[PDB]
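Please read the structure below before turning to the comments.
Only the coordinates and a few stated rules stand behind these numbers; no lab work does. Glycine gets a Cβ as well: all are built from the backbone with ideal geometry, and neighbour counts include every protein chain shown.
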Amino acid sequence: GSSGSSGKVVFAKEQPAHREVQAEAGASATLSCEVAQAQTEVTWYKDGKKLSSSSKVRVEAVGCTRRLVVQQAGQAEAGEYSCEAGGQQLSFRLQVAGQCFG
């Protein structure tokens, strides 16, 4: 009758609620974040949109560290990324400096 785990932590406890990151136009951004567990998987979300690993964005997962490399960080890429995982997710405001045709 009674079942169900409790107190489940996906990410660390020493992590901020909002990681404001800055980047230059045409540069390659990088949003790193630790995880309470490696085996656990994470999914980035831009403006509430499931991010996909493409020639532009690359979802790197080194052990207990999920880093997202955004090549050619431009206005389009600039916004608010959320590293979702299990039942929790952090924030990351990717700001783009200057501009670049295209």
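See the values below:
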{"item": "At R0 = 22 Å, FRET efficiency that the Cβ-Cβ distance of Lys56 and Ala17 yields, to 0.05", "result": "0.25"}
{"item": "Chain lengthening between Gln71 and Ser2 when straightened (0.36 nm per residue, less Cα-Cα)", "result": "19.9 nm"}
{"item": "Cα extents of region 15-67 along the three principal axes, largest first (Å)", "result": "33, 25, 22"}
{"item": "Nonlocal amide H pairs with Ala36, under 5 Å, H built at 1.01 Å", "result": "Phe11, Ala12"}
{"item": "The chain - share of DSSP beta bridges that are antiparallel (%, nearest 5)", "result": "75 percent"}
{"item": "Cα pair distances in the chain, grouped into 5 Å bins until the bin that holds the longest one, percent each", "result": "3, 13, 23, 23, 16, 10, 5, 4, 2, 1, 1, 0, 0"}
{"item": "For peptides 43-53, 75-85, sequence by mean Cβ density within 10 Å, most packed first", "result": "75-85, 43-53"}
{"item": "Calculated FRET efficiency for the pair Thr30/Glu80, C-beta based, R₀ 22 Å, to 0.05", "result": "0.90"}
{"item": "For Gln95, distant residues with modelled amide H under 5 Å away", "result": "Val21, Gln22, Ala23"}
